[PDB]
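# Residue-level structural notes
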Amino acid sequence: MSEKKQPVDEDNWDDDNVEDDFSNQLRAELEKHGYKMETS
Amino acid sequence: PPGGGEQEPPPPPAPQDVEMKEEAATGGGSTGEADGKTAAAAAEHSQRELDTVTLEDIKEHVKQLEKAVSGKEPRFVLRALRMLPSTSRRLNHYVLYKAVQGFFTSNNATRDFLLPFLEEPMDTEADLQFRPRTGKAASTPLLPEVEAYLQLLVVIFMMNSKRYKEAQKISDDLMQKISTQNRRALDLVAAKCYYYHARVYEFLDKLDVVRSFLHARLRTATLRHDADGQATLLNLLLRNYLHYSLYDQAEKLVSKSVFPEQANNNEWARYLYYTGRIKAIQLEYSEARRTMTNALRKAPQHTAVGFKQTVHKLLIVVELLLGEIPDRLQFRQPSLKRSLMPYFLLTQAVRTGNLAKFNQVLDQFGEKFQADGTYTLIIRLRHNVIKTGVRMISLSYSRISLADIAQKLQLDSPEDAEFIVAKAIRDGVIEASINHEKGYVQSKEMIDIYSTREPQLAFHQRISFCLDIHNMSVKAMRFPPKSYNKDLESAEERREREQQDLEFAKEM
Amino acid sequence: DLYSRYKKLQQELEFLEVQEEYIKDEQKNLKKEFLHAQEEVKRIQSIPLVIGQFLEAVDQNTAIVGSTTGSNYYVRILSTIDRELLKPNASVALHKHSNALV
Amino acid sequence: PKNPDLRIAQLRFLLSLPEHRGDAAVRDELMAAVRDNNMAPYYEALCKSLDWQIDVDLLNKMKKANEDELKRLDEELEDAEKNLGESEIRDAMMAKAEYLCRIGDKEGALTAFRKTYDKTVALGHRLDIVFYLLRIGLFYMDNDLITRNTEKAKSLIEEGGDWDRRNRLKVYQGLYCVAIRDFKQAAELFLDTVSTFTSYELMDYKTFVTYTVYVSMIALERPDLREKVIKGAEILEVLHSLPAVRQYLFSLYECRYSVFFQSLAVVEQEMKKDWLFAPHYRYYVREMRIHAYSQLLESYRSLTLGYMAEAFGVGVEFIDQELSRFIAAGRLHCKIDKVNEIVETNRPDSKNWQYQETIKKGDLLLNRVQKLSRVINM
Amino acid sequence: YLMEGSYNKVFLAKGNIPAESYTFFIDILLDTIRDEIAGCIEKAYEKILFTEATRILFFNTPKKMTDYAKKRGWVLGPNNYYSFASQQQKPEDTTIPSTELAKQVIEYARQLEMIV
Amino acid sequence: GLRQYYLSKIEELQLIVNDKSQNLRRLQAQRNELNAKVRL
Amino acid sequence: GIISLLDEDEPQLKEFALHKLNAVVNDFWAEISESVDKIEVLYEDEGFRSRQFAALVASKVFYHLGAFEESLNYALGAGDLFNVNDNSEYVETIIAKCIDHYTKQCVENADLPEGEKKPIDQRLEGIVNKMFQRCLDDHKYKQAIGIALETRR
């Protein structure tokens, strides 16, 4: 079995959607709240 | 010589063990059961030939010292193979050339000696009329020449061996192809040699007079026989017609040979793929994704699958062109993971609304996308990013200034920020109005789509389809009804004993 | 001869065409005929019915009951009975002469 | 034995994945590795460690000590068969296979546990063997071998009551359902917290209290948080020793919205360094943000967007970019305005959103069966 | 740039013709944009005076705007483009499902009971 | 052209036989299981 | 690419265009297959000096596209230049159209040949017996007996 005549050449899914959201937005959002209290 | 005479002498006979059992069983069968009685629509020699293609791909590697394949040719090429009383001496010749390797030294076929291994079909009453033998006795040397491909002043030994096979091929094209499956069994041998006829020519030769030779090869198809000649001669017609700009795509629309209706589940499965890229490359989006998906799920159980590495890339290129996107790494492998990471990072930007994030991809991995040959599709995704963005913004914000959306989409201009929204209503992404005098874009809260016809269309596509698979689970189910041998009523003897017992009671 | 090779071979396509049309009639005609006997078998249940009690079954569609005349019997079934309505210790019906499940 | 064996699995997580924190974890685990006859589970952990060039004499004193306990089985199996009890060869090493489960790998365990499974005729030794199969199924994360023997566990408890074999069992699905992302089951397995004893794996019962409260604040709403975990005497006094978790849970209940994020930053950081929540620490808070947002928003309808800065969490544009990405995510039923500076809510029926999850599963199951019917029948 | 809504950057490329004249081509590209904006003037717009949408193409104030304002609507008034934003006539159609679905429900019963 | 006219009909007619005969054998055995239900 | 020069109205380009319509009849056969079929216009325009070879290439190109009678009516009206060349794999393609169309015509003409009879072209009837003369003179009489029945004459 397992031929494919070659002409040319959970644990994982939920976090991938969560990797999509905070991909480049506030990863370690931990200390800006300490710096937003005196601004806002 | 001790390192020689202990490591070299078992590579002759243990292949000679298995080469008296795989193609000798084919040669003992496909001479007497293809030119012989029959090998019908349920044949075995075709799948046996598949087994003698896939085995010898990774079987041979070495340049064959100790004549371990170099002595197979002066063995296997001196074959009359006419009839059993003349092959009963040839069965000894499968053993008589073994001592030629063993007692003496043979002619070591090392890059030069293939010329005295090809001129034999005159030697000892050999023929070409038995082309189930001779077309296999073409292919049985025609494979391991081009299986290593070895590309060092060898190409003419491949070519002269192909010309001799072309001499069998033209006799297949002209002389007595009726009902012996001489076309049918050798259409595979046509198709299987074409991939070696291609990769030689896709290395150092031309491409295009074979095309006109392939048209006459296609011309003689479908008139005389109508199975597996309509199929392989069109995928092998497409293989560089896609990779050229020649017309060849509206031709395949008006090609009647779109359906050969059965193509052995592996040439059929990629057939929908080669025409799947055709509708993709000429802007037919929604029709293409269903024949991309059907091209993915009719495929076998192999692991080194680099064309499946290509369709799994291409299948959801065109769905990024439409909007839907599945989790692509849902079958991620140690060989699939490195082939996804640039392309998976591409659809990371599409599901976001950023604009130069696409450009952060298109310089970081612009060179990789041409290596896969997909760049002309990638460049037009800027229209789809901004229509994804304007749907995201209009669904998030209700009353947003048009001089705010441009700074969020880094458009650098509010004067065309009206203008994308103009085609966004022309295309019909968002519905509601724009106060151009003020600057805010209001939107109506459109809820309760539940009282609209449109979820029934999501039903009616899927109601009728699930009734089809219930039909197919009936239409593919009534074949094992067989050998229902005899519904016995009750008996002959016990029926008569029942009659005698009844007559006893009536007398009583 | 070669001229008979086509004339006799088209002669049986004439002959083959009826047969697939013929069994096409009988895919529906037996269903309208099977439903006649489907109700016809229940004449055995008519009035004069006696009472036994289910004990066990040997196999598919054949069982062992014990009559209220005291003697046990090895009896047959009637096929319309849902078998999964049987045996806590099921009171059954028996034919008054041939004495099988009703 | 396998009773101190889970702390080893946490300390192996403590070794590798904190990358800078890799010095005291390779000391105290090695403090437990080159004693108590451990041989097998740390060869690649030595490769993840430094060189430690002379461990050969450290191995040879222990593989000999491995053999000394091995050969005294080989000095027992012929004296236990000469005058047989209840297969006292097996009956000796039915307790010493769990040593060889710790010392060797699973293979010396799996052929000896299934050996002695046919020995005992009462389940009271059988069902303790199955718990040993579960606990190794967590270390080697045998997510397919736990599916067999959990049913093979659960099939045994029904005869008898076996509540120390049932309530202990509920902890094992509870730690498995929280290992996978299944929180509405994990609070349901952690429902009792009464007969959940001062066990071995959460050696503080108060650590088990911290785990069952973190999963409860997702899994259930507030007709049930206002009755079950706020009123339980068994749950109130055990976090009375905790100043952190008491303030963290009640700030959601007392509507102390601004201080809610302060300890949420503490828990989520602690959730990262903790084992077994670190696979899903990014999924937790984004569900706790959207639960803290919509709790406040479903009270009113015309709440302005500049009120939530000084009362709920500072940064107006921080609230802006956060609410924009959740309405676009298809949840948090409201609709924000921008230039008159207000947030409007709506109310949808439980029809459109309930229809949405149906069409996912209908496509998913038909994806399963259409792909199946191609695979079978060629 | 003609694919998305961008129109100004299109005519910034009509400020940038580097290679040769390209004159007859961009004038057809003028013409196929002229009806496009005269198409896309018909969106949900308010009152526009005779300066704002008078300069959205190119023109200062010729009678060419009267060619467009009498071709389509947005009626010539006191410095006004009148909005006939109705979109009201087409809904409340039960019959169009009631013809089409009565066809489809029978098609369900075809591949349900009768042997095929 | 009797090779290329007349023999072009033997090659065609056998193709219509080799599936319409298979249509029968599927169909008559489909009745044959149904006929077993009736008499029994 | 020679398809664009089919509106010259100088006829000598058309005979220069049809010089390329035979030897490379397989590669831009893709091109002038369905988009351009303007053979029949010059076929009817009273030049003529051509329309002879013009009906050949449409008898080529409608053949493979399933329009066999569209090839066949052009194969009838092409005249001598269609039938001058029979040493190829193409002569089997055309007598399996025409003679098959002939014998399925003559079965209808075995019923009622008198009154509203079909316009039997002299090329439609003259290559029937000519190929039958090719059978009488090539030694085969197991098939010379055959078509002599199949002509229904």
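Residues numbered from 1 in each chain as written, not as in the entry; some residues may be left out. Chains lettered and ligands numbered in written order. Part of a larger assembly, values for the part shown. Heavy atoms only, no water. Residues with missing side-chain atoms left out of burial classes, pairs and counts.

Labelled according to the PDB entry, chain D appears under the name 26S proteasome non-ATPase regulatory subunit 6, originating from Homo sapiens. In its PDB record the entry is named "Cryo-EM structures and dynamics of substrate-engaged human 26S proteasome". Of the comments in the UniProt record for chain D, the one headed Subunit reads "Component of the 19S proteasome regulatory particle complex. The 26S proteasome consists of a 20S core particle (CP) and two 19S regulatory subunits (RP). The regulatory particle is made of a lid composed of 9 subunits including PSMD6, a base containing 6 ATPases and few additional components." (UniProt positions renumbered as here; feature names shortened; annotations may be inferred.)

For chain B, the PDB entry supplies the name 26S proteasome non-ATPase regulatory subunit 3 and the organism Homo sapiens. What UniProt states about chain B under its Sequence similarities heading is, verbatim, "Belongs to the proteasome subunit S3 family."

Each helix and strand counted, chain D has 19 helices and two strands in total. Expected size for 378 residues packed as a compact globule is a radius of gyration near 21 Å; at 26 Å, chain D overshoots this value by more than 25%. Overall, the C-alpha framework of chain D stretches about 90 × 55 × 55 Å when taken along its three principal axes. Expressed as a percentage of its 378 residues, the buried residues of chain D come to 42%. Long-range contacts, defined as pairs at least 24 residues apart, comprise 60% of the intrachain contacts of chain D with a sequence gap of at least 6. Summed over all atoms, the accessible surface of chain D reaches about 21600 Å², with 56% contributed by carbon and sulfur. (Helix = DSSP H or I, 4+ residues; strand = E, 2+ residues; numbered from the N terminus. Rg over C-alpha atoms; globule rule 2.2 N^0.38 Å. Buried < 20%, exposed > 50% of the residue type's maximum accessible area, 1.4 Å probe, protein only. Contact = heavy atoms within 4.5 Å. Areas by Shrake-Rupley, 256 points an atom, 1.4 Å probe, with all protein chains shown as cover.)

Next up on the list: the UniProt feature "domain: PCI" in chain B. In the numbering used here, UniProt assigns the "domain: PCI" feature to residues 269–448 of chain B. Across residues 269–448 of chain B one finds 48% helix and 2% strand; the C-alpha atoms that close the span lie 43 Å apart.

This part is about the nonpolar core. Residues D:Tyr214, D:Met217, D:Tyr248, D:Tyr284, D:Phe312 and D:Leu332 are the most contacted members of the largest nonpolar core, which totals 69 residues. Core analysis: the second largest hydrophobic core is formed by 39 residues, B:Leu236, B:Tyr241, B:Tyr271 and B:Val361 among them. (Core = buried A, V, L, I, M, F, W, Y, C linked by side-chain atoms within 4.5 Å.)

On to a negative patch on the surface, then. Where like charges cluster on the molecular surface, the negative patch consists of D:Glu67, D:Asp74, D:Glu75, D:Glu76, D:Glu78, D:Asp79 and D:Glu81. Position of D:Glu67 among the secondary structure elements: in helix 4 (residues 56–73). (Patch = residues over 30% accessible without salt bridge, like charges linked within 9 Å, V, L, I, M, F, W, Y side chains within 5 Å. Salt bridge = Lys/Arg side-chain N within 4 Å of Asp/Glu carboxyl O. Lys, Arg positive; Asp, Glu negative; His and termini not counted. Charge placed at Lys NZ, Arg CZ, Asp CG, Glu CD.)

With that settled, consider the pattern of salt bridges. Under the counting rule described, the total for this entry stands at 40 salt bridges over all chains. Between D:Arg165 and D:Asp128 there is a salt bridge whose closest N-O contact spans 3.5 Å. Within this pair, whereas D:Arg165 is found in helix 10 (residues 163–179), its partner D:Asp128 is found in helix 8 (residues 123–139), the two being separated by 37 residues in sequence. For D:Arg165, a relative accessible area of 23% puts it in the partly exposed group. By sharing partners, the salt bridges in this structure join A:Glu10, A:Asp14 and D:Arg181 into a single network.

Counting from both sides, the interface comprises 16 residues of chain A and, opposite them, 24 residues of chain B. Taking both partners together, chain A and chain B bury about 1800 Å²; carbon and sulfur atoms supply 46% of that area. On the chain A side of the contact with chain B, A:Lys4, A:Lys5 and A:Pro7 bury the most area, a combined 39% of that side's loss. If you look at where chain A meets chain B, you find one salt bridge. Put simply, B:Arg351 and A:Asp20 hold a salt bridge, and the shortest N to O gap is 2.8 Å. (Buried area = accessible area lost by both parts, 1.4 Å probe.)

Residue and element names in this part refer to chain C. Reading across the sheet, the four strands line up as 3-2-1-4 and stay open at both edges, with antiparallel pairing between neighbours. Edge positions in the open sheet fall to strand 3 (72–76) and strand 4 (91–94), since each of these has one partner strand only. Pairwise comparison of adjacent strand axes, ignoring direction, gives a mean angle of 50° for this sheet. As paired strands, strand 1 (residues 50–59) and strand 4 are joined by four bridges and run antiparallel to one another. Looking at the pairing, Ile-51 lines up with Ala-93 of strand 4. (Pairing = 2+ DSSP bridges. Axes fitted to C-alpha atoms, helices over the stretch in contact; angles between N-to-C directions.)

Below, the discussion takes up the UniProt feature "domain: PCI" in chain D. Under the local residue numbering, the UniProt record ascribes the feature "domain: PCI" to residues 182–350 of chain D. When the span residues 182–350 of chain D is considered, its composition is 52% helix and 4% strand, and the gap between its end C-alpha atoms is 23 Å.

Applying the stated criterion to the full structure yields zero disulfides over all chains. The thiol sulfur of D:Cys255 is not disulfide-bonded, and the nearest other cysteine sulfur, from D:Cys334, lies at 18 Å. (Disulfide = S-S within 2.5 Å.)

Glancing now at the packing of aromatic side chains. Enumeration over the complete set of coordinates arrives at 30 aromatic pairs over all chains. On the numbers, 5.8 Å between centres and 75° between planes, the contact of B:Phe459 with D:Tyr355 is edge-to-face. Linking B:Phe459 in helix 26 (residues 454–475) with D:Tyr355 in helix 19 (residues 352–375), this pair reaches from one chain into another. Their ring planes at 85° and their centres at 5.2 Å tell us that G:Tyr63 and G:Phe68 sit as a pair that is edge-to-face. Through a chain of ring-to-ring contacts, the aromatic side chains of D:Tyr214, D:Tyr248, D:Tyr257, D:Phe260, D:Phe261, D:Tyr293, D:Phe312 and D:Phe326 assemble into a single cluster. Lying over the aromatic face of D:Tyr253, D:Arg222 brings its terminal NZ or CZ to 4.1 Å of the ring centre. (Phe/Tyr/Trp six-rings, centres within 6.5 Å; stacked < 30°, edge-to-face > 60°. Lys NZ or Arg CZ within 6 Å of the ring centre and 35° of its normal.)

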